[PDB]
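Novice: Got a structure here, written out as structure tokens. Questions coming.
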Number of protein chains: 6
Amino acid sequence: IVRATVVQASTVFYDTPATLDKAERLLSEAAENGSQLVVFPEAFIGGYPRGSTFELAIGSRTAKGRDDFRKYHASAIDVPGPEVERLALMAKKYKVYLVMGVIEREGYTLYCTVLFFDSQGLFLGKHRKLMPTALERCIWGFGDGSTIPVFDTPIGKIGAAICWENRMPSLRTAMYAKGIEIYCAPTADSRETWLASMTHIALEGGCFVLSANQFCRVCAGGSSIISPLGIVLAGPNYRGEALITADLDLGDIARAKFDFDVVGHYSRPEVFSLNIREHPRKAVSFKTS
Amino acid sequence: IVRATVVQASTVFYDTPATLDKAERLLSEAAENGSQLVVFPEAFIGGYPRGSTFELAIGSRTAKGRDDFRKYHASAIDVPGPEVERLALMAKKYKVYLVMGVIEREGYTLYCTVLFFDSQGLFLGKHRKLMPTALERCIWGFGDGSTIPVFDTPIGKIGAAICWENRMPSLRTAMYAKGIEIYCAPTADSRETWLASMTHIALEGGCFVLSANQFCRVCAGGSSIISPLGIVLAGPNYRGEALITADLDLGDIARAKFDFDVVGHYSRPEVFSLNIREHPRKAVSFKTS
Amino acid sequence: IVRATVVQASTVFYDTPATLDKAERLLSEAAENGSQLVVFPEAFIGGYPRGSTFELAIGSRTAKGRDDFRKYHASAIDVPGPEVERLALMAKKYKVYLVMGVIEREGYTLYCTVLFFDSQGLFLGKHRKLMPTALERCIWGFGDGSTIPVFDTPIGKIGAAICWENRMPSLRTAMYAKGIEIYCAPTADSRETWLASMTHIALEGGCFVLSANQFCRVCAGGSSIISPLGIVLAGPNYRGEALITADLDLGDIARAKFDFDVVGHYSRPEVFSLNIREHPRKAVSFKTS
Amino acid sequence: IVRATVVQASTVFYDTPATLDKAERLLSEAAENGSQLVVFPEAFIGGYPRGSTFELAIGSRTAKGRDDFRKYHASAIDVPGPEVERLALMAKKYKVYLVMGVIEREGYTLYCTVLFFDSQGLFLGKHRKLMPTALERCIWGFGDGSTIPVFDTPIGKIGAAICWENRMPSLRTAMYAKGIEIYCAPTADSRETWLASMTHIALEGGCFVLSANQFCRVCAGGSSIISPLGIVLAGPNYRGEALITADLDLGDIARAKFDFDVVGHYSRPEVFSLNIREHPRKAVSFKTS
Amino acid sequence: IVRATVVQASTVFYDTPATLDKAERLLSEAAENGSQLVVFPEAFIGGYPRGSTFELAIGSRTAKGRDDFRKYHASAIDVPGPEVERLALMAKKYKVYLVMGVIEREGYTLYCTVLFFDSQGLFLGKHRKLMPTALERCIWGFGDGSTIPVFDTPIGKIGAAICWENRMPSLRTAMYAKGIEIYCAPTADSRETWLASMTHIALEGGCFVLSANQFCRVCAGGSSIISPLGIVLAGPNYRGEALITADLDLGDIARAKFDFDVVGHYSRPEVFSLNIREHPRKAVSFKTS
Amino acid sequence: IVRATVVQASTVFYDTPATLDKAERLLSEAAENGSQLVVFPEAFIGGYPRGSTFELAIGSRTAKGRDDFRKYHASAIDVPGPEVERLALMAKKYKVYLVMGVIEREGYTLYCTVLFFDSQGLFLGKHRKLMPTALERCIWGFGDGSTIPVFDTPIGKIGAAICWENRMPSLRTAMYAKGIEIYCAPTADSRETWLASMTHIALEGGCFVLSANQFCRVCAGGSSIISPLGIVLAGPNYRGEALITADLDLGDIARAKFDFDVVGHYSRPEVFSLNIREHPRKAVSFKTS
């Protein structure tokens, strides 16, 4: 039996070493009640530009989109670097597992990735975003196949997905085949749609769906946590920003997969068959001796 | 622009020529307000045995399960036969499209299939059930791959699925690749779970999800109809049995697939790939000359 | 020795059977002076929405973007269909080679492709666009690798590329390895940049670069034709819309590849090496017997 | 923000310790206005024999080509030696970065290389020429793969290329993958061709293209400097020989890679892939103990 | 014991189907005295442009070099094609082994290759030239490593080399390690130098050196044949053009390798060691499925 | 410009302090005409036993081979000792460079080495023979790899080789990689073969080949000197024994390496590669402290 928390705070959107101590004080306030797993929302460190359009008509490209883009580009981080060593030292002080939604750069690009940290201050890996949704295609980049993680821990197996990757059927049945039972999912929207779209994943899976959204000033996001029977433990807190905690019974999965049981004993292999091509493909590959 | 109805009535569960005139009077009452498409619930003609256990412990097989099974077996139909000619003559009198959830027999077996009829009294085809859920495995049979239909009509393309086939990800992304925009789904359960599980399909698709459940005496089923933006047109009528009608705007799909757009321009073919084996496999195959 | 023409006219942007007779009267006026190859601009049949933004902020998705998208979606064509049979019958009447920049649909998507037709009314093939540039990612789709053509004719080998595919180095050195010497390139921009960017391709290649742009009311596009020595035959006509013709000496290529000579005898294979993966990848693949 | 200069002077073509004080007085005159980076043309120290043919018919080899070749061979330098110590002491006196186009010897051969020097009088490295163009194959040699530099400085990353290496697509997309943003390119030709061929590199890249050519008596070379938006800062000075200066805004690159963005987020790795073999290969390799 | 012939005739240098019947009448006149192996000189089919300079100063590139190059380019062949089928049918009529020095094209390039044919009309392979000498670098191309042949026959093992590949030490000790005992060597020069340079190869080897040169009007070439003891069988015929024949004793090799014996029992492997990298490297490599 | 001499005299074959004053009087007669470099033949001091067989059948070993071997063994020298101090004092009297072909002993063995002396009476080094030819294997020994010299002088770089080491290709391309331009080569044979075998080395190299042979009573050896263009300066003097002199133009090498140019810019490093293992290996190695 473990217990996990989600947060709902917002970033200051500029001056990225100043939005890193908010993470420290929230991590300490989430530490003082004996928690074990902390989930941060989407695009927490880099900042999520809401409402801005960058003045892109069809290819007009006015002068006041370029300066806006460089002011947004100068406030991103890069891995591994000085901004992940401090997070490793943050999670190294005591025992907690840490996920974090950051925005990284790689040679004048922007990838909306997510990070993973264990209780011993190691760096497990990262999961980039597969495809940005509608207008984020203009400013962000596409992830490859060699990124989808397993990340087995002594409290279970944890995975992640971002805003509208949870609507694909093929990515979810590729997560289910690796054995996910704690399924984190940050996002950046706030509708009645989202709770009804997460109840289906919590029923189709068997995993404790653990979402997180931010609250700024208005797009009042509501985070929650859902049992694998369809029972909301902690409700959709639209009432300001706060901390949300609940406990997780890991024996409520083998009693929940008695009815449905995806990629085992349903999902007839005699008619359906899937295959995922997972290659680290890169454009230019130097080879020396 | 079309308009479609669902019904919520129950069968008398025995004496199957007597439960066929209820269908006639409901079809006439659904005709008198200018409807165009009528959907009947799961296992309407054959009857759905609720609560019965047939006394199956592990293989004890007491004497009062066999007589119960033969009394249930003697009240099923077979296609094509005298019970589908009357339904073709029923839909042939005026202009309406007809789906129907029956229970067929094929050599001392039971298949929980669904039927399709056009406005001219023809027999389009049928869709058997892929896999029964938990206890229906004891009494019913498994469907093959060569059954999933397209069934293009001059009002659109209509498909179907049964109780817990709507939770598979692979079957839904096999329905989406054929171009479904009117997605009927009968069922035999009544929870808060079911409305939240259909909102996800109506959002992931772009299809007018049109469910149907029965009401008997208690398992008060609630049928509805959901827009492809996540807007319930007619609510979950738990208040007795009645008729439910709404209209369908077919221009609300090309404006709804601007955001998400499954198996087109999402669903990266460079990493994921699916293939469905659709063969008519049978055990014994006689060949003559 | 052949001679080829480019056009500079614009479409009426709506009611796509009405913009198809402008093509007929321009094709006849380009026929009456003994031409042999006619090139039409980018997005001629489907229409190129200039200046419109569809109101996409970050994911706000107001109501007046959806109706704008469906009014744009209802004015596209699909191949093969009734709109390419008329173009085949158009090019079948007399002897001319025909390229054409259309916009096709494939299941509520939009691909900005280009077509090819011979002198006998056959359908050679098509070349979809690899990646749309900045804001066209929101509304259009991505092409695959199994599309890049050779299309050998008895007047030479002709290829094509679209607006900002001509800036990639890898795609141009994949075109050069197949033996292109007549290199059509429609576009949708009008700067001093574009003439200086085509002179480099005409020098790096050895191919008669033959561009085409449209003129509407203002984005006064200028089409031209460039010798493989860097000598502009017909200038950048910014003076309204008109027809532009010149003749092509096919013996001015073997005398032009005496100096530079790309993928032969330059481009050291002992240090550089390229490989193109050209597979027809699709998401769902039905297989029967 | 840095500022850089190019020169346009010519050598005296013989007596190579006498053409080294012209470099001193030009370096001092370029020092007195607060410059930071000085670029010298192609083959400045060794001399570039223009118009001479050496009497090579097909292999006739008359007597008056051998004495001409030895008089040209006796006026070359060798690295490291007494001619680079004086250049290091020249750049060591004050703070300036120095590139220089020399001609080196290595055992009765001639390599047309280029040199690099920092502000502290160190020797960073050198970049030999990959392949000479047409007639220089008779007298010069070929470079290997283990020579292409990165050379990161505290004012950016600087690279180089020579006369007709800038027309290869593979070498430029091998320079782009290492992160070049100041792209020096000496040459030895003077056409209208060259400005139109450098505008394409400045647009395809994002780098401040900084060319240099010489002026002797006539082949009036014209050097320039081009912004990464396609805006010529200092024009093609055909009016005698002079000094040319401009300033460089390093924030005009992250605002310029918002549209195109080569080897990031364009250049689809799922279809194209490149690999460069970078080995120091030599004919005879002695090994001892 | 075999017997072999060399020829000394010249080509008409233009109209390449007319210089192919001279080969027929010489092949018949060499057939009528019971010969078994016929060797033709360097660049026999394509023609060897002697004395022409193409007006290449340093990169001036006057107009009367381009037309000269295209008139030379239009008189070359390509393998496999219609010009090697006739040579296979020529050698297929009776029993003779055939080598032939042609000039091939491969996409506006020129490779000075050599061909091989057996007694049954098959096509064994080809040997391109490794590096052209001084001025032929301007017009011809470089061969790769995956071309050096063995070509075992029932009369021995035959190899080949071209004009100044016979002066390299590494290529000859790569030929010796494969077991060459009949070593053909066409050329295009006529000095006292050449006989003294072939006596050394015939002594260092053990192979019957069998050279061939052409005679036109003056560069009076002289072909010969040398025993592996240093004994000229047929002298350097400077007296016009004619046929030259001699017989070959294959037992004069195992009695000749009693003294010297290269890559066996000399050539100390404890101090010297060689390795040849033999890879088929090409610039662009398409891969499909 | 230097000038060098070779001698052609013979030894008295016994009583080795008596054959050392012949060297003195020949060195003085070669001094009196202003020479600068004197070359002595193979096995001058120790004596070269011609025609003797030592009665070695297969291993019969008669008594009159042992006394013949000890009478030959008692007339050899050892380095460094009393016989090289007198030669150093001989070359120390005036300015001349001295090479000398001696026979040394090392613990009842015989090595056919060659010596080197400068103008100041120093001892530069020695070059033992790699492998004796046919019958000299019975009486002489094998040299190792750590012996091949460079020996740079202020008149150039001088090297050496002995009788049939000049036929190996690997040893000559190991001499060429160190920069030899004066290539001494004593021998002990007299054929027409030898002049034709040295013309190839003088052409393949660029070095003034300077051979020397002895004349006794008949094996009339003929020494010569060959320009690096293939022009014999002083002919093959078969007319008794005498002194042979000529002058050497060191500017006739950089004009001679314009055509061919071995281990530079020919000898493709991308396909061929050589490596020489140069270790001082000895059987028993005492180590103390």
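Residues in the structure tokens are numbered from 1 in each chain, the chains being A, B, ... in the order shown, and ligands are numbered from 1 in the order shown.
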For chain D versus chain B, which residues have an atom no more than 12 Å away, and what is each residue's nearest atom pair and distance in Å rounded to one decimal, using only C-alpha atoms, chain-then-number order, as a Markdown table?
Specialist:
```
| residue | atom | partner | partner_atom | distance |
| --- | --- | --- | --- | --- |
| D:268 | CA | B:270 | CA | 10.7 |
| D:269 | CA | B:270 | CA | 10.1 |
| D:270 | CA | B:270 | CA | 6.7 |
| D:271 | CA | B:270 | CA | 9.2 |
```
Novice: Please list as a CSV table (one decimal) with N, CA, C and O atoms, in the first residue's frame every residue within 9 Å of range 238-246 of chain B, counting only C-alpha atoms and excluding residues in the same chain fewer than 6 positions away.
Specialist:
```csv
chain,number,residue,atom,x,y,z
B,3,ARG,N,-32.9,11.5,-38.7
B,3,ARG,CA,-33.3,11.4,-37.3
B,3,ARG,C,-33.6,10.0,-37.0
B,3,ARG,O,-34.1,9.2,-37.8
B,4,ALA,N,-33.2,9.6,-35.7
B,4,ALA,CA,-33.1,8.2,-35.4
B,4,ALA,C,-33.7,8.0,-34.0
B,4,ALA,O,-33.7,8.9,-33.2
B,5,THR,N,-34.2,6.8,-33.7
B,5,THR,CA,-34.9,6.5,-32.4
B,5,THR,C,-34.2,5.2,-31.8
B,5,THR,O,-33.7,4.4,-32.5
B,6,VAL,N,-34.3,5.2,-30.5
B,6,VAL,CA,-34.0,4.0,-29.8
B,6,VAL,C,-35.2,3.6,-28.9
B,6,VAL,O,-36.0,4.5,-28.6
B,7,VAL,N,-35.3,2.3,-28.6
B,7,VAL,CA,-36.4,1.9,-27.8
B,7,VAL,C,-35.8,1.3,-26.4
B,7,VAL,O,-34.6,1.2,-26.3
B,8,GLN,N,-36.7,1.1,-25.5
B,8,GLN,CA,-36.2,0.7,-24.2
B,8,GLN,C,-37.1,-0.4,-23.6
B,8,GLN,O,-37.1,-0.7,-22.4
B,9,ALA,N,-37.9,-1.0,-24.4
B,9,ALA,CA,-38.9,-2.0,-24.0
B,9,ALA,C,-38.2,-3.4,-23.7
B,9,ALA,O,-37.1,-3.6,-24.2
B,10,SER,N,-38.9,-4.3,-23.0
B,10,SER,CA,-38.4,-5.6,-22.7
B,10,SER,C,-39.2,-6.7,-23.4
B,10,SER,O,-40.3,-6.4,-23.8
B,26,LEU,N,-44.5,-1.2,-31.5
B,26,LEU,CA,-43.5,-0.2,-31.2
B,26,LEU,C,-42.9,0.4,-32.5
B,26,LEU,O,-42.6,1.6,-32.6
B,29,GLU,N,-45.6,2.9,-33.7
B,29,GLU,CA,-45.6,4.1,-32.9
B,29,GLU,C,-44.3,4.9,-33.1
B,29,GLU,O,-44.3,6.1,-33.0
B,30,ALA,N,-43.2,4.2,-33.5
B,30,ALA,CA,-42.0,5.0,-33.9
B,30,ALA,C,-42.1,5.4,-35.4
B,30,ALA,O,-41.3,6.3,-35.8
B,35,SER,N,-39.8,9.0,-38.3
B,35,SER,CA,-38.5,8.6,-38.0
B,35,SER,C,-37.9,7.9,-39.2
B,35,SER,O,-38.5,7.7,-40.2
B,214,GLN,N,-32.5,-2.2,-22.3
B,214,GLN,CA,-33.9,-2.6,-22.0
B,214,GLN,C,-34.3,-2.3,-20.5
B,214,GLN,O,-33.4,-2.1,-19.7
B,215,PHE,N,-35.6,-2.4,-20.2
B,215,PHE,CA,-36.1,-2.0,-18.9
B,215,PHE,C,-37.1,-3.1,-18.5
B,215,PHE,O,-38.2,-3.1,-19.2
B,216,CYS,N,-36.9,-3.8,-17.5
B,216,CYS,CA,-37.7,-4.9,-17.1
B,216,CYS,C,-37.9,-4.9,-15.6
B,216,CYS,O,-37.2,-4.3,-14.9
B,220,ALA,N,-32.6,-1.0,-14.3
B,220,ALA,CA,-33.2,0.1,-15.1
B,220,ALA,C,-32.2,0.7,-16.0
B,220,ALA,O,-31.4,1.6,-15.7
B,221,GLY,N,-32.2,0.2,-17.3
B,221,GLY,CA,-31.3,0.6,-18.3
B,221,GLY,C,-31.6,2.0,-18.8
B,221,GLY,O,-32.8,2.4,-18.8
B,222,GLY,N,-30.6,2.7,-19.2
B,222,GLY,CA,-30.8,4.0,-19.7
B,222,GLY,C,-30.1,4.2,-21.1
B,222,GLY,O,-28.8,4.2,-21.1
B,223,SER,N,-30.9,4.5,-22.1
B,223,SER,CA,-30.3,4.7,-23.4
B,223,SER,C,-30.2,6.2,-23.7
B,223,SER,O,-30.9,7.0,-23.0
B,224,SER,N,-29.4,6.5,-24.7
B,224,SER,CA,-29.1,7.9,-25.0
B,224,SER,C,-28.6,8.1,-26.4
B,224,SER,O,-28.7,7.1,-27.2
B,225,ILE,N,-28.1,9.3,-26.8
B,225,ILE,CA,-27.6,9.6,-28.0
B,225,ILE,C,-26.6,10.8,-27.8
B,225,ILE,O,-27.0,11.7,-27.2
```
Novice: Determine which residues of range 1-82 of chain D DSSP labels as strand (DSSP E or B) from the backbone of this structure, then write them out as a PyMOL selection string.
Specialist: chain D and resi 2-7+37-39+77
Novice: Would you work out the distance separating CA of residue 21 in chain B from CA of residue 236 in chain B, expressed in Å to one decimal?
Specialist: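 Those two atoms sit 26.3 Å apart.
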Novice: What gap, in Å, lies between CA of residue 266 in chain A and CA of residue 145 in chain A?
Specialist: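 According to the coordinates, CA of residue 266 in chain A and CA of residue 145 in chain A are separated by 26.0 Å.
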Novice: Looking only at alpha helix (DSSP H) from DSSP on the backbone, list the matching residues of range 65-264 of chain A as number ranges by chain.
Specialist: A: 66-73, 82-92, 169-175, 192-204
Novice: Quick one, how far is CA of residue 121 in chain A from CA of residue 108 in chain A?
Specialist: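 So the two atoms, CA of residue 121 in chain A and CA of residue 108 in chain A, lie 28.8 Å apart.
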Novice: Can you list, as a JSON list (two decimals) with C-alpha atoms, in the first residue's frame, every protein, DNA or RNA residue that comes within 9 Å of residue 119 in chain F when you count only C-alpha atoms, leaving out same-chain residues fewer than 4 positions away?
Specialist:
```json
[["chain", "number", "residue", "atom", "x", "y", "z"],
["F", 91, "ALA", "CA", 86.66, 9.70, -43.44],
["F", 92, "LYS", "CA", 87.63, 12.18, -40.70],
["F", 93, "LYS", "CA", 90.72, 13.54, -42.52],
["F", 94, "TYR", "CA", 88.69, 15.56, -45.03],
["F", 95, "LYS", "CA", 85.04, 16.18, -45.93],
["F", 96, "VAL", "CA", 83.33, 13.18, -47.57],
["F", 97, "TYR", "CA", 80.34, 10.96, -46.79],
["F", 98, "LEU", "CA", 81.13, 7.26, -46.74]]
```
Novice: Using only C-alpha atoms, which residues sit within 9 Å of range 184-199 of chain E once same-chain residues fewer than 2 positions away are excluded, as number ranges by chain?
Specialist: D: 59; E: 39-43, 48, 99, 101, 158-164, 166-167, 182, 201-204, 208-214, 219-224, 226-232, 236; F: 193, 195-201, 203, 230
Novice: Which one is closest to residue 274 in chain D: D:47, D:169, D:205, D:143? Count only C-alpha atoms.
Specialist: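 Closest residue, counting only C-alpha atoms: D:169.
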